[PDB]
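What follows are structure tokens for two forms of the same protein chain, given separately as structure 1 and structure 2.
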Structure 1
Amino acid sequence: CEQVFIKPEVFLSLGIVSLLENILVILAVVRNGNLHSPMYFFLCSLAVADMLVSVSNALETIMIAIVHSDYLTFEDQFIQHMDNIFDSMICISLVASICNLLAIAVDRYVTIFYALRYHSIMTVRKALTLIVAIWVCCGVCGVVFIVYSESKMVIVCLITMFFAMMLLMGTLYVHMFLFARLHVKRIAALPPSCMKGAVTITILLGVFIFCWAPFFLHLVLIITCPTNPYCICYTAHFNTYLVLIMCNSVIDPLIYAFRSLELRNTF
């Protein structure tokens, strides 16, 4: 119903945890040479994006705490010149995280279903090309954050892009699980259960939902129903919503890269 003041004593903890885990991932990849395949570069792009997100939400809070403390007095002229730059960084980094996750999902689908025509087509060069392209587009889509600024239209594109890259990342994993189901049915039907697949897909999709869907439902309603008192009582919890985003950035290096035997043995 009303805005909240979650202590910045927890953003420090989340930032520390995220930075620690993601640095470990990005170091593990470069400490092994049998991890210079496309998948372990997409994982690194995701990890750097997650660090960037966590530091962005940490830096806005640290700046707010320093300015509000009335220590090292600063003018309010440039505060309204930095409160928009920091939010622009949020926009770029958020799009980067989503797109890295989609890169992982599509790469996995292509490995499974196009298995014998993948080492012919997915060189390291193309993986680097794609990572750089994604980052550049995420940069331009955060430059648009301020140039065309925010006009109830950039809200539409962002909403629809999120609620399309949720359907795609559900479709790819449901399809992969059903295929794994067929395989497990055939493996068992021979001279001497879908539990593991179900748990993998459920975790990897529910983290996406319960860690991003609240924020985009926020944004959908505050550019849909910004008057209805129920809607306002809803939108009051934006602080807990960014809490959820940082929880996503903490979990991501744990169910995408730490669930890999060789990278788990590296560190």
Structure 2
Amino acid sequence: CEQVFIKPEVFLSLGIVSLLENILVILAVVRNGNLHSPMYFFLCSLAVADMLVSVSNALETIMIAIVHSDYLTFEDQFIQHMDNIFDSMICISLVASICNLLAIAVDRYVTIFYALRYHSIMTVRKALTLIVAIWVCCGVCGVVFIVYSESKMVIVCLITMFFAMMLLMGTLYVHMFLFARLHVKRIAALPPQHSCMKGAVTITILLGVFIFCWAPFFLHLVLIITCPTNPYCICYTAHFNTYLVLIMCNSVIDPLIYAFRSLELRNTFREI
């Protein structure tokens, strides 16, 4: 199996589209007074994470173009030190996207299952505290992941983080769906596009986009660490760039199933 290359046009196009969408989301939140609750601060944070993923990969794509082409032959030393910054940016945005997705999920769970005490335990100050804590921990982890890269435990740390934040998100959303199923059963018992089907579609999308857009990359990392010479793994590792494209397509999809599934932002976007 041979290493797979893909055109830089893919990275550039996805970066532009995703940056457009996420800037649109953040402006749509800022241009509407009724939407300064804790639930939209997390959406803005997720838009920031997605746009950083996109623009970081776009800059590194343009620079791969500038280096592979003979134009402006850079010194060998420059490219390494000036790479580490872009790769740190990608790692920071990568981790922060997962952490913001889990933040949205935990907030929704608290909203449903702690329904009357929600406003007494999720003040806006607490929302911003959690947001800034997420971003600082993501930054420190990103820099210590790139700087200390060839070490073995940096990959294992990422694999554990992602699998934890996959199964936790799954449990939260399945619990919410089962509760909604129970409620719909208790609405059908009244004296006189099924709701179970609607909830199932929503949960399958929210979990399947996450899996089929992030888990290929971390499966790649597991294969890198564990099985580096058996051809049962080399053919999977051959597609690095495709997995990166999956992550950037997730950055495109995310401000479309979380921020545009609300009529408030929908009508704000329609107005603007």
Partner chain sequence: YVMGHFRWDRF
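By rigid core we mean the largest C-alpha set that fits within 1.5 Å across both forms. Each residue is numbered by where it sits in the sequence of structure 1, with counting from 1.
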Quick check on the two chains I just loaded: which one is the form solved in complex with the partner chain, 1 or 2?
2
If you fit the two forms on their rigid core, which residue out of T171, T160, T111, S149 shows a CA shift of at least 2 Å between the two structures?
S149
Core-superposed CA shift of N84 between the two structures, in Å, is 2.4
Per-residue Cα shift, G33, between the two structures [Å; core superposed]:
1.3
